[PDB]
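Raw contents of model_16.txt, compact mmCIF, C-alpha atoms and all ligand atoms:
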```txt
# COMPACT_ATOMS: atom_id res chain seq x y z
CA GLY K 33 92.16 97.14 96.77
CA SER K 34 93.98 94.07 98.14
CA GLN K 35 96.56 94.97 95.49
CA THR K 36 97.16 98.53 96.82
CA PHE K 37 100.20 97.45 98.87
CA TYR K 38 102.56 94.79 97.51
CA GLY K 39 103.39 94.19 101.21
CA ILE K 40 103.56 95.90 104.63
CA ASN K 41 106.19 96.04 107.44
CA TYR K 42 104.87 94.81 110.80
CA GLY K 43 106.39 95.90 114.14
CA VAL K 44 106.64 93.89 117.38
CA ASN K 45 107.03 95.02 121.03
CA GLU K 46 109.79 92.91 122.61
CA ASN K 47 108.65 93.83 126.15
CA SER K 48 105.04 92.77 125.42
CA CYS K 49 104.94 89.78 123.03
CA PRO K 50 101.83 88.94 120.95
CA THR K 51 100.04 85.58 120.68
CA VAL K 52 99.01 83.68 117.51
CA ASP K 53 95.39 84.90 117.90
CA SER K 54 96.59 88.48 118.49
CA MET K 55 98.63 88.34 115.25
CA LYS K 56 95.66 86.87 113.36
CA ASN K 57 93.48 89.78 114.50
CA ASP K 58 96.16 92.29 113.38
CA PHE K 59 96.70 90.73 109.94
CA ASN K 60 92.93 90.54 109.46
CA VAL K 61 92.56 94.34 109.63
CA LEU K 62 95.18 94.68 106.86
CA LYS K 63 93.60 92.15 104.45
CA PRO K 64 91.44 94.65 102.50
CA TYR K 65 94.64 96.55 101.51
CA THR K 66 97.31 93.81 101.17
CA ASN K 67 98.00 90.03 101.14
CA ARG K 68 101.63 90.14 102.39
CA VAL K 69 103.58 91.12 105.58
CA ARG K 70 107.20 91.30 106.83
CA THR K 71 108.69 90.56 110.29
CA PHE K 72 112.06 91.89 111.57
CA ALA K 73 113.45 89.04 113.75
CA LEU K 74 113.25 85.23 114.09
CA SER K 75 113.86 84.46 117.78
CA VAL K 76 112.53 87.63 119.48
CA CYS K 77 109.05 86.87 120.93
CA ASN K 78 109.22 83.71 118.76
CA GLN K 79 107.56 86.07 116.24
CA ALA K 80 108.54 84.15 113.08
CA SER K 81 106.91 80.88 114.18
CA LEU K 82 103.70 82.66 115.25
CA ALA K 83 103.50 84.81 112.07
CA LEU K 84 103.86 81.73 109.85
CA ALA K 85 100.89 80.16 111.67
CA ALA K 86 98.84 83.39 111.45
CA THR K 87 99.52 84.10 107.73
CA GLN K 88 98.88 80.46 106.74
CA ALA K 89 95.50 80.36 108.55
CA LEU K 90 94.48 83.56 106.72
CA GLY K 91 95.82 82.66 103.25
CA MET K 92 98.52 85.37 103.26
CA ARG K 93 102.25 85.48 102.34
CA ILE K 94 105.41 86.65 104.21
CA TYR K 95 109.02 87.92 104.08
CA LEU K 96 111.12 86.68 107.02
CA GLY K 97 113.79 88.97 108.51
CA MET K 98 116.84 87.97 110.58
CA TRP K 99 117.98 90.53 113.21
CA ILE K 100 121.75 90.64 113.57
CA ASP K 101 123.95 93.23 115.33
CA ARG K 102 125.78 91.99 118.47
CA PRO K 103 128.06 88.93 117.91
CA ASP K 104 125.74 86.52 119.80
CA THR K 105 122.79 87.37 117.49
CA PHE K 106 124.49 85.54 114.59
CA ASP K 107 124.36 82.22 116.49
CA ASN K 108 120.90 82.77 118.02
CA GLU K 109 119.15 83.63 114.74
CA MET K 110 120.79 80.74 112.82
CA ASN K 111 119.60 78.26 115.49
CA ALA K 112 116.10 79.77 115.28
CA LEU K 113 116.15 79.37 111.48
CA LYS K 114 117.02 75.66 111.86
CA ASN K 115 114.07 75.21 114.25
CA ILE K 116 111.72 76.95 111.75
CA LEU K 117 112.76 74.61 108.89
CA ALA K 118 112.06 71.58 111.13
CA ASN K 119 108.79 72.81 112.68
CA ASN K 120 107.03 74.87 109.97
CA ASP K 121 105.54 74.86 106.50
CA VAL K 122 107.50 77.54 104.60
CA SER K 123 105.76 77.37 101.20
CA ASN K 124 104.34 80.89 101.70
CA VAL K 125 107.78 82.54 102.21
CA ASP K 126 108.76 84.99 99.45
CA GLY K 127 112.19 85.75 100.93
CA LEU K 128 114.70 85.71 103.78
CA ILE K 129 116.20 89.12 104.68
CA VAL K 130 119.58 88.48 106.32
CA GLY K 131 120.18 91.57 108.47
CA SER K 132 118.88 95.13 108.15
CA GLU K 133 121.30 98.10 108.01
CA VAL K 134 124.20 95.98 109.36
CA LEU K 135 126.80 97.93 107.34
CA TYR K 136 125.20 101.35 107.99
CA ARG K 137 125.59 100.75 111.75
CA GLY K 138 129.08 99.18 111.45
CA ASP K 139 128.11 96.02 113.37
CA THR K 140 130.58 93.96 111.32
CA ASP K 141 132.90 94.08 108.28
CA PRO K 142 131.82 93.40 104.63
CA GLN K 143 133.67 90.04 104.32
CA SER K 144 132.16 88.68 107.58
CA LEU K 145 128.61 89.53 106.44
CA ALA K 146 129.26 87.87 103.07
CA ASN K 147 130.31 84.63 104.83
CA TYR K 148 127.23 84.53 107.09
CA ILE K 149 124.93 85.13 104.10
CA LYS K 150 126.72 82.31 102.23
CA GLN K 151 126.00 79.89 105.11
CA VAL K 152 122.34 80.97 105.29
CA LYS K 153 121.91 80.39 101.52
CA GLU K 154 123.31 76.82 101.75
CA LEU K 155 120.67 75.94 104.37
CA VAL K 156 117.53 77.39 102.73
CA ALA K 157 118.14 76.99 98.96
CA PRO K 158 117.14 73.28 98.95
CA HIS K 159 113.92 74.46 100.67
CA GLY K 160 113.41 76.84 97.74
CA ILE K 161 113.83 80.15 99.60
CA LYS K 162 115.59 83.16 97.99
CA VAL K 163 117.97 85.35 100.06
CA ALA K 164 118.65 89.11 100.36
CA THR K 165 120.00 91.75 102.75
CA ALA K 166 118.62 95.25 103.45
CA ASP K 167 120.64 98.48 103.79
CA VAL K 168 120.98 102.15 102.68
CA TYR K 169 121.72 103.09 99.03
CA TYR K 170 125.47 103.62 99.44
CA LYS K 171 126.14 100.34 101.33
CA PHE K 172 126.14 97.54 98.73
CA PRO K 173 129.79 96.45 98.24
CA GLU K 174 130.47 93.84 95.52
CA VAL K 175 131.71 91.17 97.96
CA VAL K 176 128.23 91.14 99.62
CA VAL K 177 126.18 91.43 96.39
CA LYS K 178 127.93 88.34 94.93
CA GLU K 179 126.23 86.16 97.58
CA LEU K 180 122.67 87.51 97.16
CA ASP K 181 119.69 86.38 95.11
CA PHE K 182 118.32 89.97 95.23
CA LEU K 183 118.83 93.41 96.84
CA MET K 184 116.56 95.46 99.14
CA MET K 185 116.81 99.23 99.79
CA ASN K 186 115.96 101.11 102.99
CA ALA K 187 115.60 104.85 102.22
CA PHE K 188 113.89 107.66 104.17
CA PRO K 189 114.07 111.16 102.56
CA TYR K 190 112.55 112.47 105.84
CA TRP K 191 115.79 111.61 107.73
CA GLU K 192 117.62 113.39 104.90
CA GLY K 193 115.84 116.74 105.42
CA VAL K 194 114.19 116.58 101.99
CA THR K 195 111.01 118.66 101.48
CA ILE K 196 107.71 116.77 100.92
CA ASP K 197 107.28 117.98 97.31
CA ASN K 198 110.70 116.49 96.37
CA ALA K 199 110.53 113.33 98.55
CA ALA K 200 109.31 110.56 96.18
CA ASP K 201 111.51 111.96 93.39
CA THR K 202 114.51 111.52 95.73
CA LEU K 203 113.48 107.93 96.64
CA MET K 204 113.54 106.94 92.95
CA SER K 205 116.95 108.58 92.50
CA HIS K 206 118.40 106.49 95.38
CA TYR K 207 116.87 103.39 93.76
CA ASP K 208 118.82 104.03 90.53
CA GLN K 209 122.06 104.04 92.57
CA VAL K 210 121.29 100.60 94.06
CA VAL K 211 120.69 99.31 90.49
CA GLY K 212 124.19 100.62 89.67
CA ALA K 213 125.60 98.32 92.38
CA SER K 214 123.26 95.38 91.64
CA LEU K 215 125.45 93.24 89.33
CA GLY K 216 122.25 92.92 87.25
CA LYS K 217 120.35 91.19 90.08
CA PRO K 218 116.75 92.24 90.95
CA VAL K 219 116.28 95.25 93.25
CA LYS K 220 113.31 95.68 95.65
CA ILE K 221 112.47 98.25 98.36
CA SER K 222 112.32 96.87 101.92
CA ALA K 223 111.34 100.13 103.69
CA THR K 224 110.20 103.72 103.14
CA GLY K 225 107.61 105.89 104.94
CA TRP K 226 106.69 109.27 106.45
CA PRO K 227 105.65 110.29 110.00
CA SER K 228 102.33 112.00 110.86
CA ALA K 229 103.41 113.80 114.07
CA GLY K 230 106.45 114.66 116.21
CA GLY K 231 107.80 117.94 114.80
CA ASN K 232 110.23 118.22 111.88
CA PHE K 233 113.70 117.32 110.55
CA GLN K 234 115.10 120.51 108.99
CA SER K 235 112.75 121.18 106.01
CA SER K 236 111.00 117.78 106.43
CA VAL K 237 107.63 118.45 108.12
CA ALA K 238 105.71 115.76 110.07
CA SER K 239 101.92 115.95 109.53
CA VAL K 240 98.90 113.79 108.61
CA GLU K 241 98.57 115.68 105.31
CA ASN K 242 102.23 114.98 104.42
CA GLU K 243 102.12 111.23 105.26
CA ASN K 244 98.99 111.03 103.09
CA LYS K 245 100.80 112.73 100.18
CA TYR K 246 103.99 110.63 100.53
CA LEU K 247 101.97 107.39 100.52
CA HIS K 248 100.13 108.40 97.31
CA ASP K 249 103.31 109.48 95.50
CA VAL K 250 105.44 106.40 96.31
CA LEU K 251 102.68 103.90 95.39
CA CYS K 252 102.32 105.61 91.98
CA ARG K 253 106.08 105.76 91.27
CA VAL K 254 106.72 102.07 92.02
CA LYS K 255 103.72 101.02 89.87
CA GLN K 256 105.05 102.94 86.84
CA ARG K 257 108.35 101.01 86.96
CA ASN K 258 107.10 97.62 88.25
CA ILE K 259 109.13 97.82 91.51
CA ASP K 260 108.14 95.65 94.52
CA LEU K 261 107.70 97.72 97.71
CA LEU K 262 107.18 96.97 101.42
CA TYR K 263 105.68 100.10 103.07
CA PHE K 264 106.75 101.31 106.56
CA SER K 265 104.66 100.63 108.56
CA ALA K 266 101.38 98.87 109.52
CA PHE K 267 100.48 100.44 112.89
CA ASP K 268 101.78 103.33 115.04
CA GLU K 269 104.19 102.11 117.76
CA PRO K 270 104.02 104.36 120.88
CA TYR K 271 106.81 102.49 122.73
CA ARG K 272 109.36 103.99 120.29
CA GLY K 273 108.67 107.59 121.41
CA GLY K 274 108.60 110.86 119.46
CA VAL K 275 108.63 110.82 115.64
CA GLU K 276 109.30 107.05 115.50
CA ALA K 277 105.87 106.53 117.11
CA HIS K 278 103.92 107.89 114.11
CA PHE K 279 104.89 105.86 111.00
CA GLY K 280 101.80 103.59 110.87
CA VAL K 281 99.21 103.58 108.08
CA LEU K 282 96.71 102.70 110.83
CA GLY K 283 96.64 103.72 114.53
CA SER K 284 98.12 101.90 117.54
CA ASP K 285 94.71 100.55 118.65
CA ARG K 286 94.11 99.13 115.13
CA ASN K 287 91.60 101.86 114.14
CA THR K 288 92.11 103.93 110.97
CA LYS K 289 93.98 107.26 111.08
CA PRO K 290 91.80 110.34 110.38
CA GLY K 291 93.12 112.06 107.24
CA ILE K 292 94.79 108.99 105.70
CA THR K 293 93.25 107.63 102.48
CA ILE K 294 94.70 104.30 101.32
CA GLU K 295 95.09 104.56 97.52
CA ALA K 296 97.78 105.04 94.84
CA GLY K 297 98.41 108.44 93.18
CA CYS K 298 98.21 106.92 89.67
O1 LIG I 1 113.27 93.70 118.02
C1 LIG I 1 114.42 93.39 117.23
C2 LIG I 1 115.26 94.65 117.01
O2 LIG I 1 114.41 95.71 116.53
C3 LIG I 1 115.08 96.94 116.21
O3 LIG I 1 114.20 97.97 115.74
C4 LIG I 1 113.64 97.71 114.44
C5 LIG I 1 114.00 98.87 113.50
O4 LIG I 1 115.37 98.74 113.12
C6 LIG I 1 113.13 98.90 112.25
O5 LIG I 1 113.47 100.05 111.46
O6 LIG I 1 111.75 98.96 112.63
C7 LIG I 1 111.33 97.76 113.29
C8 LIG I 1 109.82 97.83 113.56
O7 LIG I 1 109.46 99.13 114.05
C9 LIG I 1 112.12 97.54 114.59
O8 LIG I 1 111.85 96.22 115.07
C10 LIG I 1 115.84 97.45 117.45
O9 LIG I 1 116.59 98.62 117.12
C11 LIG I 1 116.76 96.38 118.01
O10 LIG I 1 117.38 96.84 119.22
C12 LIG I 1 115.99 95.10 118.29
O11 LIG I 1 116.89 94.09 118.77
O1 LIG I 2 117.96 108.07 113.01
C1 LIG I 2 118.82 107.35 112.12
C2 LIG I 2 117.97 106.73 111.01
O2 LIG I 2 118.72 106.80 109.79
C3 LIG I 2 118.11 106.20 108.64
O3 LIG I 2 119.04 106.13 107.56
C4 LIG I 2 118.86 107.25 106.70
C5 LIG I 2 118.31 106.76 105.37
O4 LIG I 2 117.00 106.21 105.56
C6 LIG I 2 118.25 107.94 104.41
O5 LIG I 2 117.70 107.50 103.17
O6 LIG I 2 119.58 108.44 104.20
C7 LIG I 2 120.21 108.96 105.38
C8 LIG I 2 121.64 109.36 105.04
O7 LIG I 2 121.66 110.14 103.85
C9 LIG I 2 120.21 107.95 106.53
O8 LIG I 2 120.54 108.60 107.76
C10 LIG I 2 117.65 104.77 108.88
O9 LIG I 2 116.88 104.32 107.75
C11 LIG I 2 116.85 104.64 110.17
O10 LIG I 2 116.63 103.25 110.43
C12 LIG I 2 117.60 105.28 111.34
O11 LIG I 2 116.78 105.24 112.51
```

In structure tokens, write the structure found in this file.
Amino acid sequence: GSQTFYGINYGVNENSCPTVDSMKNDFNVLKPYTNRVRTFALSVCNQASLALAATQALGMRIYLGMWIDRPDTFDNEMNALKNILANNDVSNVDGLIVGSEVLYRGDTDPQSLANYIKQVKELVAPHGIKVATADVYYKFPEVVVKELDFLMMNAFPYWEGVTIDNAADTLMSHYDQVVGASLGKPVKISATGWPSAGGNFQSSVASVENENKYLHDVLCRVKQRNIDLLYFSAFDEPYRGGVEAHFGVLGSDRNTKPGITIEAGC
């Protein structure tokens, strides 16, 4: 069952940073279901350095994310990347995700993002690390795609008001659109998930039964087409509030969630 998830997204509380041992304990709980995790920032809580130590001690692999929005974050994250290359083994890194939903938010223009990606690639390619960026299905302009090794899609049919019966079918449809913008490069999925509590979004209903269904459907669909998927997310995160506090496969105290069965639908 350590093949059930290709990988899993792992959240971090910036106002209450973990330790190496605390990360090791967290990743340990996940080991029966996966061998791979993903972090969202390099410098924040020094999380990238600590997660490399934790994954390596446990024999696991990792995707490393760079968090860029405000102008200063471009300098800070690049300096953190340089420190990582000098202070860490990186042989267990499957990719570097340069920004997440940068174009969706309008943090910067397409040409500027392409230039930053180009600089990142020049630094890590001799270390043997492939580069991507993550964004919504309608935000992959050619000028950005030209600089990538591969593409990663964030897509949540829940935030689209899509009903649970149609949700995984819609995910796959959005995937086909990213392929259309891919220039023939490989396409992966960096994030999708479904909340267990916190109300509804139009016809999209939040419940334990629905998260269970969505998990089964997506795992089946990506297996049929040989698509690599990072599920969102590992544990519930209360400090986000409301619906955003209920995306975990497991609970906030690292116990299992009653009603969730971890398995693929085919
Ligand atoms: O802590 C770094 C940045 O994290 C951002 O939230 C992330 C979300 O975009 C993503 O979808 O989920 C992960 C894990 O739950 C979050 O870390 C914040 O929005 C940023 O303000 C923050 O700098
Ligand atoms: O609350 C805003 C959230 O919006 C999400 O983007 C949505 C996509 O996931 C979804 O597939 O499409 C719709 C537009 O058709 C987007 O709004 C982000 O993924 C979240 O990070 C964000 O919090």

List as a tab-separated table every residue of chain K that is in contact with ligand LIG 1 (chain I), defined as an atom at most 9 Å from one of its atoms (using only C-alpha atoms and all ligand atoms), together with the nearest atom pair and the distance in Å rounded to one decimal, sorted by chain and then rising number.
```
residue	atom	partner	partner_atom	distance
K:41	CA	I:LIG1	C8	7.3
K:42	CA	I:LIG1	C8	6.4
K:43	CA	I:LIG1	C8	4.0
K:44	CA	I:LIG1	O8	6.2
K:45	CA	I:LIG1	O1	7.1
K:46	CA	I:LIG1	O1	5.8
K:71	CA	I:LIG1	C8	8.1
K:72	CA	I:LIG1	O8	5.6
K:73	CA	I:LIG1	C1	5.7
K:74	CA	I:LIG1	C1	8.8
K:75	CA	I:LIG1	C1	9.0
K:76	CA	I:LIG1	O1	6.3
K:77	CA	I:LIG1	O1	8.5
K:98	CA	I:LIG1	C1	8.9
K:99	CA	I:LIG1	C1	6.1
K:100	CA	I:LIG1	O11	7.9
K:101	CA	I:LIG1	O11	7.9
K:132	CA	I:LIG1	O4	7.1
K:133	CA	I:LIG1	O4	7.9
K:186	CA	I:LIG1	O5	8.9
K:223	CA	I:LIG1	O5	8.1
K:264	CA	I:LIG1	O6	8.2
K:265	CA	I:LIG1	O7	7.4
K:268	CA	I:LIG1	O7	8.8
K:269	CA	I:LIG1	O7	7.1
K:272	CA	I:LIG1	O7	7.9
K:276	CA	I:LIG1	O7	8.1
K:277	CA	I:LIG1	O7	8.8
K:279	CA	I:LIG1	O7	8.7
```

- Task: Report the distance between CA of residue 286 in chain K and CA of residue 266 in chain K in Å, rounded to one decimal place.
- Result: 9.2 Å

- Contacts of ligand LIG 2 (chain I), 6 Å or closer, all atoms listed in the file, given as an NGL selection string: :K and (168 or 186-189 or 191-192)

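CA of residue 182 in chain K is positioned 25.1 Å from CA of residue 118 in chain K.
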
So for range 38-46 of chain K, what box centre and size do we get, axis-aligned, 3 Å extra on each of the six sides, every listed atom, Å to one decimal, as AutoDock Vina command-line options?
```
--center_x 106.2 --center_y 94.5 --center_z 110.1 --size_x 13.2 --size_y 9.1 --size_z 31.1
```

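Compared by their closest atoms to residue 142 in chain K, and using only C-alpha atoms, the residues K:130, K:281, K:117, K:175 rank with K:175 nearest.
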
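CA of residue 250 in chain K is positioned 17.9 Å from CA of residue 278 in chain K.
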
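You can rank K:261, K:200, K:221, K:96 by their closest distance to residue 163 in chain K using only C-alpha atoms, and at the top of that list sits K:96.
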